[PDB]
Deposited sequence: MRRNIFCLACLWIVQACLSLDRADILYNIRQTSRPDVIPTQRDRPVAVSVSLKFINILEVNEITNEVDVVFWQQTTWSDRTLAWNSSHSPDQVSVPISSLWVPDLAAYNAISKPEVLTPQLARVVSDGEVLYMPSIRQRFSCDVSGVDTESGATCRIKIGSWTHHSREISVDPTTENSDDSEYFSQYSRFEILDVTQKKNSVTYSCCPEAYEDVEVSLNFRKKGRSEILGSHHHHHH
């Protein structure tokens, strides 16, 4: 197969509306935030404007092809793929996607989608101008798929991609798995809670 054939096959048989569950197990989605910038912070309103790369991976076996005498990977527009319906629970703006909306598909059906996103959050900005800094928690999970359909799991240097030119610096990033069960319903919705410990540079 060449790239043309693989991309034709994916475009022609793409069920972007269909979660690729295998044998009634959840789709395992990995999410890791790489912080790139902290642009605007307001300690009065507890609001932050952040840029991050959202490293997102999952398997869709319907995409897989025999890689013998074929490309190992192709770039696919996300409009031709099922993508997890991830939302930031404490976002106060729509995600501004700064990058081309393409994912990488490996011949085994692994998908890697890593958009650069600028987004505003409601989180704890208290202590931002102190030595110990602020801890801003960002929660990202499936909007409509509970734990039997989508599982979310966290997956380098926290500041490896962070802009040296930000007014802020990163002290620590932790990414941990949470679940919310709401009063209305019995099902749990999984999220990654990303704790961004940062401060204003002196």
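The deposited sequence has C-alpha coordinates everywhere except the stretches 1-19, 175-177, 225-237.
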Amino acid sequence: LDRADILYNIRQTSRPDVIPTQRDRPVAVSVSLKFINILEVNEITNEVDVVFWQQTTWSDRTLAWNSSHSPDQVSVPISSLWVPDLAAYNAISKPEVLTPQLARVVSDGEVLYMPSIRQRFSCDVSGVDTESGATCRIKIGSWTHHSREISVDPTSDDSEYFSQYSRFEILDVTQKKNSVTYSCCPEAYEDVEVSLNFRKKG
From here on, numbers count along this sequence of modelled residues.
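C-alpha atoms forming the largest set that superposes within 1.5 Å between two forms make up the rigid core.
Between 143-151 and 173-181, greater CA displacement relative to the shown form is found for 173-181 when the structures in 7 other deposited structures of this protein are fitted on the core. With every structure aligned by its rigid core, 186-194 is the stretch of 15-23 and 186-194 whose CA positions lie farther away in 7 other deposited structures of this protein. Stretch comparison (160-168 versus 55-63) by mean CA B-factor in the PDB entry places 160-168 on top. Checked against the record, the higher mean CA B factor of 67-75 and 103-111 lies with 67-75.
Among 19, 180, 192, 184, the highest C-alpha B-factor recorded in the PDB entry belongs to 184.
The entry lists a Cα temperature factor for residue 149 that places it in the lowest third of the chain's modelled residues.
Residue 131 sits in the highest third of its chain by CA B factor, as recorded in the PDB entry. Annotation for residue 33: CA B-factor lies in the lowest third of the chain's modelled residues. Among the modelled residues of the chain, residue 175 sits in the middle third by CA temperature factor in this PDB entry.
When the modelled residues of the chain are ordered by their C-alpha B factor, residue 44 lands in the highest third.
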